[PDB]
Amino acid sequence: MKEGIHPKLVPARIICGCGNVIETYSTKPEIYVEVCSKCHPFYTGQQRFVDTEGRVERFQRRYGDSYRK
Amino acid sequence: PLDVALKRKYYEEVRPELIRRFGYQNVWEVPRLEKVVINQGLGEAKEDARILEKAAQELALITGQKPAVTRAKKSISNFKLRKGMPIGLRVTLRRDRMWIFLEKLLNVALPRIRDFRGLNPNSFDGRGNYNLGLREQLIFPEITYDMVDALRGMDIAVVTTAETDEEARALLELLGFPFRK
Amino acid sequence: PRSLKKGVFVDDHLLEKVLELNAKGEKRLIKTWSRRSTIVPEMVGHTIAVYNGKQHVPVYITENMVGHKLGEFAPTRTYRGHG
Amino acid sequence: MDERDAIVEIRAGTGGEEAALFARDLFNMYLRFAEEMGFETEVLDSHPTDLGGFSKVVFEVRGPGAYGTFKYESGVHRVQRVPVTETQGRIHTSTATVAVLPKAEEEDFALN
Amino acid sequence: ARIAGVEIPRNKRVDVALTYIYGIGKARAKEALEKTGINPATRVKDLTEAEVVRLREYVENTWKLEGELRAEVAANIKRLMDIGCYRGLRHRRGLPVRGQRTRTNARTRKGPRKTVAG
Amino acid sequence: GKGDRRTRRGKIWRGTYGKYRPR
RNA sequence: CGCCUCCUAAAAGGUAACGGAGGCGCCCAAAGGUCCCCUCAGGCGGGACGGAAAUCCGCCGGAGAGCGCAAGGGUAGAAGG
RNA sequence: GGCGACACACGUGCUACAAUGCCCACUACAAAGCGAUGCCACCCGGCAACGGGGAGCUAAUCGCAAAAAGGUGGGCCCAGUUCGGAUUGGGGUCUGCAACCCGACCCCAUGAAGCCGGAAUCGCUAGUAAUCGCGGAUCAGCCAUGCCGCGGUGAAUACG
RNA sequence: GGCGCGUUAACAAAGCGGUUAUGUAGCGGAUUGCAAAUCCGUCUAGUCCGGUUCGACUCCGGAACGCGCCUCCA
Ligand SMILES: [Mg+2]
Ligand SMILES: [Mg+2]
Ligand SMILES: [Mg+2]
Ligand SMILES: [Mg+2]
Ligand SMILES: [Mg+2]
Ligand SMILES: [Mg+2]
Ligand SMILES: [Mg+2]
Ligand SMILES: [Mg+2]
Ligand SMILES: [Mg+2]
Ligand SMILES: [Mg+2]
Ligand SMILES: [Mg+2]
Ligand SMILES: [Mg+2]
Ligand SMILES: [Mg+2]
Ligand SMILES: [Mg+2]
Ligand SMILES: [Mg+2]
Ligand SMILES: [Mg+2]
Ligand SMILES: [Mg+2]
Ligand SMILES: [Mg+2]
Ligand SMILES: [Mg+2]
Ligand SMILES: [Mg+2]
Ligand SMILES: [Mg+2]
Ligand SMILES: [Mg+2]
Ligand SMILES: [Mg+2]
Ligand SMILES: [Mg+2]
Ligand SMILES: [Mg+2]
Ligand SMILES: [Mg+2]
Ligand SMILES: [Mg+2]
Ligand SMILES: [Mg+2]
Ligand SMILES: [Mg+2]
Ligand SMILES: [Mg+2]
Ligand SMILES: [Mg+2]
Ligand SMILES: [Mg+2]
Ligand SMILES: [Mg+2]
Ligand SMILES: [Mg+2]
Ligand SMILES: [Mg+2]
Ligand SMILES: [Mg+2]
Ligand SMILES: [Mg+2]
Ligand SMILES: [Mg+2]
Ligand SMILES: [Mg+2]
Ligand SMILES: [Mg+2]
Ligand SMILES: [Mg+2]
Ligand SMILES: [Mg+2]
Ligand SMILES: [Mg+2]
Ligand SMILES: [Mg+2]
Ligand SMILES: [Mg+2]
Ligand SMILES: [Mg+2]
Ligand SMILES: [Mg+2]
Ligand SMILES: [Mg+2]
Ligand SMILES: [Mg+2]
Ligand SMILES: [Mg+2]
Ligand SMILES: [Mg+2]
Ligand SMILES: [Mg+2]
Ligand SMILES: [Mg+2]
Ligand SMILES: [Mg+2]
Ligand SMILES: [Mg+2]
Ligand SMILES: [Mg+2]
Ligand SMILES: [Mg+2]
Ligand SMILES: [Mg+2]
Ligand SMILES: [Mg+2]
Ligand SMILES: [Zn+2]
């Protein structure tokens, strides 16, 4: 590469708030992230968040059935 | 020629799975990563400013490589654009720089995408290359909200030696590309 | 909404029809005036002709519209627009 | 005849400012009748008053059967009411005039 | 993109800054701080990442938020529109949905006035 | 203001009670 | 009304008509010399904003692009960048 | 079923646009009315609307009751905000046979327009204007921000 | 027929290679018992066909239509 024009790359440590640590290279030797590959919902299998729904709507109300036959 | 964690994984983990999955007979038949070409199709910096110099400053902090200008092939009245204007930055990443970049793109950058529900399964070249587009540059770790001043996305081209889409799809997914559908 | 402590309201001269139908091998067209009745899973598949003050609107009943009333789907004002 | 498109010429008769106002009533009566007939209406000549009516309006009735129906409206139409231009609450007998004519051709003229 | 993908304002309090996320009012502001023992009156400029990552972990895990809430409600109106409910009808045409009068006001939902001739 | 039902003043204005104005 | 290009012009040159069509009366301090490097238009697919068309990737593409301006000739094994 | 519609246009109002304000907590001072399928003390469950209980009163006795601005203390720090509360989503309460059209209220989420308003235009001369809350009639509930009331705090200016 | 000039919105009429003409009217509001007058606001565009140019209402060429001038001696 040309001298004088490029940001030098140093070995970097990138820490995610889930304690995950990733040995890489970067312009900064230490960056802290809030998400990563190890704790992302789409990554951690399904890790279906609060949307474990079933919907549950709406016939799955069943809130009743008391009405006569 | 340094060790990159994702680079090992390609040789150690990805190469044999690909051979096992497609049955190549030659060590060079198996797909490889050729290059990653990152283009910011800015064009706001037509007559508004040399805003490029800030985008190059950040595209260089993201990839360690100083980008290079792109100029308008022709003039376009609607685009408020005259032939030759600086309308974008392109940086070509190869070898270790290419590996180091994807290693952070897949692990920490694609996760930071807001409402990220996987990469598009259809964005494949038809001939074994892949292209994704980003909406903003804070997704990358080296860029923060303080030193930023404008939302500029990009187009990312990953070029592979695979002749078919299926071969390329296997290569990326084995590397760690989270495909949606 | 109608109080939860009360029973989820159906006019029952119309639920009777759907369940008598479910026995004898439905489904014909059931003309009703009870827009006020909530829809129940006993009517999915059936087609009820909900009056709108003038005419009977056939309405097929599907599962994405159970909790709703039968009159929501037989509207009463023809608008088209202005100009 | 009966099947061709028709033209209606509404003129104000004896009545003055209120004749023109009644003419505006007959004008709305036929545009709204036309809609309840599927007939298509377009204005060809209008002459409004500031009080809201017209001293004269001409409009076509584009519809297969316009002359067959509108042709009965030709003649003098008499209104008796307490006009909005009246200030002593009196009843004034005023007139508007309706002319109904089949839409003429435009046939080009060349020499034999 | 600090917490739940949205950088929250500093030099303010934590309970007021949490409101600045789509999906949190004064209530869930008050909640997530007590239920995580984080002083509701601290300047956001003065929070160690302990409080930050603890608070964010609670807030993201507890409530359906930002894009999730937006996409969820987006399916909601869509569903009423699909079936043909009256509320779905009045979401197609962009009119009131909760039964207001329309002869006059409704301008928040019917946008700026479109003065016609008359 | 007196229109924000989510406050004591709003509950006063509507004369109703709740969390933000309890009796 | 002088000058340029094509045709008329009858396969060397030349060749007329108040014959058919167009253009010039500039320009460039690089749009000049040399050395070195590079190759188009267009078509399909792919890609945030971004569209028919801005920039990026791939494949096909011998020249249909380009060459300040008319037309003709010439031309990437460069006269084009 | 409609009277409740909605390209628009006018009247009458409410709520605002903020710091002489907003918020929370605690602490005051009214008057006039209403009330036995009624007013509901108090208690418990419920974040709440409320529900289950449950005294007292045919009522200067019992209840509706909190009066509100006010006061003390802390907070917000001049930003479409701890201004504003419209819109919409979801979850509930009650009345009534029945709340789709089309009820009110509660909770969570959403937090629109609006930065004091063009030409123009209304009210008011003293306990008046402004501001502040309270009660009735009609009434199952309520679309009341309406009406008729009731007291609290309380000016400016009138040369002519 | 020749030569010259032009075609713009509801009408009249301009500038301009990129861009709210303008007057009156029309439309919404104010004022007025009402209408005018007046006041606050507001709005609809380049004849057709083909070129040039990054871009044409604007430049070039032509067509249609309108106007002005000429058509004389043989
Ligand atoms: Mg092998
Ligand atoms: Mg390196
Ligand atoms: Mg595909
Ligand atoms: Mg390939
Ligand atoms: Mg970052
Ligand atoms: Mg008179
Ligand atoms: Mg919020
Ligand atoms: Mg309402
Ligand atoms: Mg000579
Ligand atoms: Mg010469
Ligand atoms: Mg020759
Ligand atoms: Mg020749
Ligand atoms: Mg020869
Ligand atoms: Mg011969
Ligand atoms: Mg010779
Ligand atoms: Mg010649
Ligand atoms: Mg000769
Ligand atoms: Mg010669
Ligand atoms: Mg020529
Ligand atoms: Mg010439
Ligand atoms: Mg040259
Ligand atoms: Mg040259
Ligand atoms: Mg040179
Ligand atoms: Mg191309
Ligand atoms: Mg393409
Ligand atoms: Mg493209
Ligand atoms: Mg050529
Ligand atoms: Mg050129
Ligand atoms: Mg030329
Ligand atoms: Mg009525
Ligand atoms: Mg309505
Ligand atoms: Mg108005
Ligand atoms: Mg009101
Ligand atoms: Mg008003
Ligand atoms: Mg009462
Ligand atoms: Mg705001
Ligand atoms: Mg604003
Ligand atoms: Mg508020
Ligand atoms: Mg709701
Ligand atoms: Mg209702
Ligand atoms: Mg706010
Ligand atoms: Mg302010
Ligand atoms: Mg007096
Ligand atoms: Mg107040
Ligand atoms: Mg009251
Ligand atoms: Mg009542
Ligand atoms: Mg002109
Ligand atoms: Mg004209
Ligand atoms: Mg002029
Ligand atoms: Mg001129
Ligand atoms: Mg004008
Ligand atoms: Mg006017
Ligand atoms: Mg007037
Ligand atoms: Mg053009
Ligand atoms: Mg053109
Ligand atoms: Mg133009
Ligand atoms: Mg033109
Ligand atoms: Mg021309
Ligand atoms: Mg002579
Ligand atoms: Zn992580």
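In what follows, every heavy atom counts, from backbone to side chain, and hydrogens, waters and symmetry copies are set aside. Letters A, B, ... are given to chains in the order of the sequence lines, protein chains preceding strands, and every chain is numbered from 1.
- Judged by the sign of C1'-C2'-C3'-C4', the furanose ring of I/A30 adopts a north, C3'-endo-like conformation.
- Rounded to the nearest Å, the gap between the P atom of I/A12 and that of I/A30 is 33 Å.
- For E/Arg28 against H/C108, a side-chain-to-base donor-acceptor contact under 3.5 Å is absent.
- Looking only at side-chain heavy atoms (C-beta outward), E/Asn61 and A/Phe49 come within less than 4.5 Å of each other.
- In this pair, B/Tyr130 does not lay its aromatic ring on the base of G/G46; centres under 5.5 Å and planes under 30 degrees do not both hold.
- Among the protein residues, F/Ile12 comes within range of the sugar-phosphate backbone only, with heavy atoms under 4.0 Å from sugar or phosphate atoms but none that close to a base.
- Distance noted for atom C1' between G/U5 and G/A52: 35 Å (whole Å).
- Under the 4.0 Å criterion applied to side-chain N and carboxylate O atoms, E/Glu72 and E/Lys64 are assigned as salt-bridge partners.
- Residue-level contact check: F/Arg21 touches the bases, meaning some heavy atom is under 4.0 Å from a base atom.
- Glycosidic conformation, G/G62: syn, with the torsion inside 90° of 0.
- Using a 4.0 Å cut-off, some side-chain N or O of E/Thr115 falls inside it from OP1 or OP2 of H/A9.
- Within 4.0 Å (heavy atoms only), C/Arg77 reaches sugar-phosphate atoms of the nucleic acid but no base atom.
- One P atom belongs to I/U20, the other to I/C34, and the distance between them is 40 Å to the nearest Å.
- Using a 4.0 Å cut-off between charged side-chain N and carboxylate O, E/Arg79 and A/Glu57 make a salt bridge.
- Across the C1' atoms, H/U37 and H/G73 are found 49 Å apart, a figure rounded to whole Å.
- Between the P atoms of H/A36 and H/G136, the separation comes to 13 Å (whole Å).
- Taking the P atoms as reference points, G/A16 lies 35 Å from G/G66, given to the whole Å.
- A cation-pi arrangement is absent between E/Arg93 and C/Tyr79 under the rule of less than 6.0 angstrom and at most 45 degrees off the ring axis.
- Atom P of H/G74 sits at a distance of 30 Å from the matching atom of H/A48, rounded to the whole Å.
- The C1'-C2'-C3'-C4' dihedral of H/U88 is positive. Its furanose therefore counts as north.
- The ring of E/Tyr58 has its center closer than 6.0 angstrom to the ring center of E/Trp63.
- When heavy atoms are screened at a 4.0 angstrom cut-off, B/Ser123 is found touching the sugar-phosphate backbone but no base atom.
- A salt bridge is absent between E/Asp15 and E/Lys12: the closest approach of a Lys/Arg side-chain nitrogen to an acidic carboxylate oxygen does not fall below 4.0 angstrom.
- Across all strands shown, F/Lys19 has heavy atoms under 4.0 Å from base atoms, whether or not it also approaches the sugar-phosphate.
- Between H/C57 and H/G38 there is a base pair of the Watson-Crick or G-U wobble kind, both donor-acceptor distances falling below 3.5 Å.
- In H/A79 the base sits syn relative to the sugar, since the glycosidic angle is no further than 90° from 0.
- Counting non-hydrogen atoms under 4.0 angstrom, C/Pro75 reaches nothing in the nucleic acid.
- Using a 4.0 Å heavy-atom distance criterion, C/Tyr79 is classed as a sugar-phosphate-only contact.
- Syn is the glycosidic conformation of H/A7, whose angle stays within 90° of 0.
- A donor-acceptor contact under 3.5 angstrom links the side-chain atoms of B/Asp125 to the base of G/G45.
- Judged by distance alone with a 3.5 Å cut-off, no donor-acceptor contact links the side chain of F/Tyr20 to the base of H/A48.
- Base-pair annotation: H/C139 with H/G13 fails the Watson-Crick or G-U wobble criterion (two N/O distances, each under 3.5 Å).
- Residue-level contact check: F/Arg8 touches the backbone only, with heavy atoms under 4.0 Å from sugar-phosphate atoms and none from bases.
- As rounded to the nearest Å, H/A156 and H/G127 have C1' atoms that lie 14 Å from one another.
- Contact annotation: side chain of F/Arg6 to base of H/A109, donor-acceptor pair present below 3.5 Å.
- D/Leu51 comes within 4.0 angstrom of the backbone, heavy atoms only, and of no base.
- Within 3.5 Å, a donor on the side chain of B/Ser77 pairs with an acceptor on the base of I/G18, or the reverse.
- The residue among E/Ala106 and C/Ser3 whose nearest nucleotide of RNA chain H is located toward the 5' end is E/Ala106.
- Judged by the sign of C1'-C2'-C3'-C4', H/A16 carries a north-puckered sugar.
- Checked by distance alone, C/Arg2 brings no side-chain donor or acceptor within 3.5 Å of a matching partner on the base of H/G103.
- Residue contacts for F/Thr16: at a heavy-atom cut-off of 4.0 Å it reaches the sugar-phosphate backbone alone, with no base atom in range.
- From the dihedral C1'-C2'-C3'-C4', which is positive here, one reads the pucker of G/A10 as north, toward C3'-endo.
- Considering only side-chain N and O atoms, F/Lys11 lies under 4.0 angstrom from the phosphate OP1 or OP2 of H/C107.
- Put simply, the side chain of C/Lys6 and the base of H/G96 share a donor and an acceptor less than 3.5 Å apart.
- Salt bridge B/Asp125/B/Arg127: absent, no basic N to carboxylate O contact under 4.0 Å.
- Using the sign of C1'-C2'-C3'-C4' as the criterion, H/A126 is classed as south-puckered.
- Cation-pi check for D/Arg24 over D/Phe27 is not met; the charged atom does not lie both under 6.0 angstrom from the ring centroid and within 45 degrees of its normal.
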